[PDB]
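Participant: Input: one structure, supplied below.
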Amino acid sequence: XXXXXXXXXXXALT
Amino acid sequence: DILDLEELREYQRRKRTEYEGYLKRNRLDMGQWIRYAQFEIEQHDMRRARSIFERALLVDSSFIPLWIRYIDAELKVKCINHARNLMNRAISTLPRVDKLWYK
Amino acid sequence: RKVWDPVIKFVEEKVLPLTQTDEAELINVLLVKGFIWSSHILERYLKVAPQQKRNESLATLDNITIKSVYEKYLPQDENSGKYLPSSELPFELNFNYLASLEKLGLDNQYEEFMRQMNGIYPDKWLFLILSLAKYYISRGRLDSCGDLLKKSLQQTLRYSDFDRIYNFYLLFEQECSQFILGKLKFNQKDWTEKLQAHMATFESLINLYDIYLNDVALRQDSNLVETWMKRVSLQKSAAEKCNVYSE
Amino acid sequence: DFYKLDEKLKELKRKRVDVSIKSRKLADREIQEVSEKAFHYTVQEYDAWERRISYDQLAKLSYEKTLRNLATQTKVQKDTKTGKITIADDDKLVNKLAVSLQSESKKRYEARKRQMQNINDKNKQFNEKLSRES
């Protein structure tokens, strides 16, 4: 609900 | 209960009117006098408290718990010289009561 | 959009960590001395997540990610920038971060964290001293294990907590001597014989039991005479009693 | 060397098991804790055993008691321009007297409350008064 994830995405060994 | 000074004034008016009405209708209830004076000590208004104790003494100067309450009330608020005047007066009016001398 | 994933994330955390005893704990730790997408799901949510009940589940996974996010929840030092513990975090999560630094072998950072983590915590005085003993056991620093336990055994103000450190030290020396006897199965082998003898004579703990047991009481109640007289009864009746009465 | 050392280690391990067993029991208890002669008394001992109210005497006793309590915890000029005495007394003792009166008032008040807490409140107080009368 903080919505600080604007203009970014989740980050391979995974 | 009380959030504002004006609300404190309303509360104090109501309680003072109550106590003064009862002491008007029956002045000889010394305990009622004592707890009215205690109410004014709770309001931190020592002038009113002193006045109530003085009026109570004028109703009956011979009643020893009233003297002890007044003296202790003065001492509790660090008013030592007021207490000294008061105790000197107390023994001066009632010299044969051991309790005042010991106090 | 994040809140649809934790049901699957928690279930994955159940499967992958599940697929991944006092004496044996020391034995295995001594033996060691002879020498990822799931994290990113949790790491993405924890940028903006509300509570530590989520953060509990992250700690079940890995270690570089777990370090890297917790660094944002640990206060900096005023001039070193070191990651200090906080009372805003609850104790279990602090221990998880400690275990993260321990698993990554970031030795100086670990011990620097332990200095503070002892410092901020009374009551948890046992739990961290035993775990710091594990840090010394797992690594090659066998000397400092004995020195730690010795310099902490003479600091116990209660009998239960004494019993915890004492039985641990007992098991440690037994298993260490047992381990290094088997190693002989010539300078390194001379060293094995020497240190066999050393641990088998740090076994003096079996001799001095009642002296330590009453020294605990002399720490509780130093000026209670009957336990000074008991500490006279336990000397070996060889004009040693002069030393006790003098003290 | 190895055979005797191994046997010593085995016996020491048995002794270790014994000592740890005893220590565990001591800790268990530690946790569990936190879970015709008349003819030989002196005259001194005999005169004390003899021992085992007006407002004036009560006042004297109160004065004595306050002096006991006072003991356990341990200039004058006249202004010519007013005619009034001045006292140079220490603020620490003034404050301590006020605090003592406050705290003793609290103790008396709360003790009487505890006594109070042991058809109507006045009616049962009247019945208790009648039981004291009898």
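Identifiers for the structure tokens are assigned positionally: chains receive A, B, ... in sequence, residues are indexed from 1 per chain, and ligands are indexed from 1 in the order shown.
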Could you please select, counting only C-alpha atoms, the residues of chain D within 12 Å of chain B and state them as a ChimeraX atom specification?
Facilitator: /D:54-67,84-105
Participant: May I have the residues within 8 Å of residue 10 in chain A as a VMD selection string, using only C-alpha atoms and disregarding those fewer than 6 positions away in the same chain?
Facilitator: chain C and resid 40 to 41 44
Participant: For chain D versus chain C, which residues have an atom no more than 6 Å away, and what is each residue's nearest atom pair and distance in Å rounded to one decimal, using only C-alpha atoms, chain-then-number order, as CSV?
Facilitator:
```
residue,atom,partner,partner_atom,distance
D:20,CA,C:167,CA,5.8
D:23,CA,C:163,CA,5.9
D:27,CA,C:160,CA,4.3
D:30,CA,C:159,CA,5.9
```
Participant: Could you write those residues out with N, CA and C atoms, as a PDB file, in the first residue's frame?
Facilitator:
```pdb
ATOM      1  N   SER D  20      27.830 -34.693  35.112  1.00  0.00           N
ATOM      2  CA  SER D  20      26.790 -33.960  34.407  1.00  0.00           C
ATOM      3  C   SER D  20      25.404 -34.356  34.902  1.00  0.00           C
ATOM      4  N   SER D  23      24.967 -32.481  38.103  1.00  0.00           N
ATOM      5  CA  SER D  23      24.810 -31.057  37.822  1.00  0.00           C
ATOM      6  C   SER D  23      23.410 -30.749  37.318  1.00  0.00           C
ATOM      7  N   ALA D  27      20.644 -28.198  38.900  1.00  0.00           N
ATOM      8  CA  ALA D  27      19.965 -27.174  38.109  1.00  0.00           C
ATOM      9  C   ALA D  27      18.461 -27.334  38.144  1.00  0.00           C
ATOM     10  N   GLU D  30      17.388 -25.848  41.205  1.00  0.00           N
ATOM     11  CA  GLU D  30      17.551 -24.403  41.064  1.00  0.00           C
ATOM     12  C   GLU D  30      16.390 -23.764  40.328  1.00  0.00           C
TER      13      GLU D  30
END
```
Participant: Env of residue 18 in chain C: 10 Å cut, atoms = only C-alpha atoms, seq-sep filter 5 positions within chain, self excluded. Answer as a VMD selection string.
Facilitator: chain C and resid 12 to 13 60
Participant: Could you write out that same residue set with N, CA and C atoms as a CSV table (one decimal), in the first residue's frame?
Facilitator:
```csv
chain,number,residue,atom,x,y,z
C,12,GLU,N,6.0,-22.6,-1.0
C,12,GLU,CA,7.3,-22.9,-1.5
C,12,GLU,C,8.4,-22.9,-0.4
C,13,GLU,N,8.3,-21.9,0.6
C,13,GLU,CA,9.1,-21.9,1.8
C,13,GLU,C,8.9,-23.1,2.6
C,60,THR,N,13.6,-17.8,6.8
C,60,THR,CA,13.5,-19.3,6.7
C,60,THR,C,14.3,-19.8,5.6
```
Participant: Report as a VMD selection string: the residues of range 197-246 of chain C with a DSSP assignment of alpha helix (DSSP H), based on the backbone of this structure.
Facilitator: chain C and resid 197 to 201 209 to 220 226 to 233 241 to 246
Participant: What are the closest atom pairs, with distances in Å to one decimal, for each residue of chain A lying within 8 Å of chain C, using only C-alpha atoms, rows by chain and rising residue number, as a tab-separated table?
Facilitator:
```
residue	atom	partner	partner_atom	distance
A:1	CA	C:48	CA	7.4
A:2	CA	C:48	CA	5.8
A:3	CA	C:48	CA	7.1
A:4	CA	C:48	CA	6.5
A:5	CA	C:48	CA	7.3
A:10	CA	C:44	CA	5.8
A:11	CA	C:40	CA	7.2
A:13	CA	C:36	CA	7.0
A:14	CA	C:37	CA	4.5
```
Participant: For residue 54 in chain C, please output as an MDAnalysis selection string all residues within 9 Å (counting only C-alpha atoms; exclusion window: fewer than 6 positions along the same chain).
Facilitator: chainID C and resid 6 42 46
Participant: Mind dumping the selected residues with N, CA and C atoms as a short mmCIF file (atom, residue, chain, number, x, y, z; two decimals), in the first residue's frame?
Facilitator:
```
data_model
loop_
_atom_site.label_atom_id
_atom_site.label_comp_id
_atom_site.auth_asym_id
_atom_site.auth_seq_id
_atom_site.Cartn_x
_atom_site.Cartn_y
_atom_site.Cartn_z
N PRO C 6 2.19 -14.17 -1.70
CA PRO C 6 2.61 -14.83 -0.45
C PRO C 6 2.04 -16.20 -0.07
N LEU C 42 10.50 -12.61 -2.03
CA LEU C 42 10.33 -11.95 -0.73
C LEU C 42 11.02 -10.59 -0.70
N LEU C 46 9.27 -7.04 0.28
CA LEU C 46 9.79 -6.35 1.47
C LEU C 46 10.32 -4.93 1.23
#
```
Participant: Using CA of residue 8 in chain C and CA of residue 96 in chain C as the two end points, give the distance in Å to one decimal.
Facilitator: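 CA of residue 96 in chain C lies 22.8 Å from CA of residue 8 in chain C.
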Participant: Taking only C-alpha atoms into account, which of B:41, B:95, B:88, B:50 comes nearest residue 62 in chain B?
Facilitator: B:95
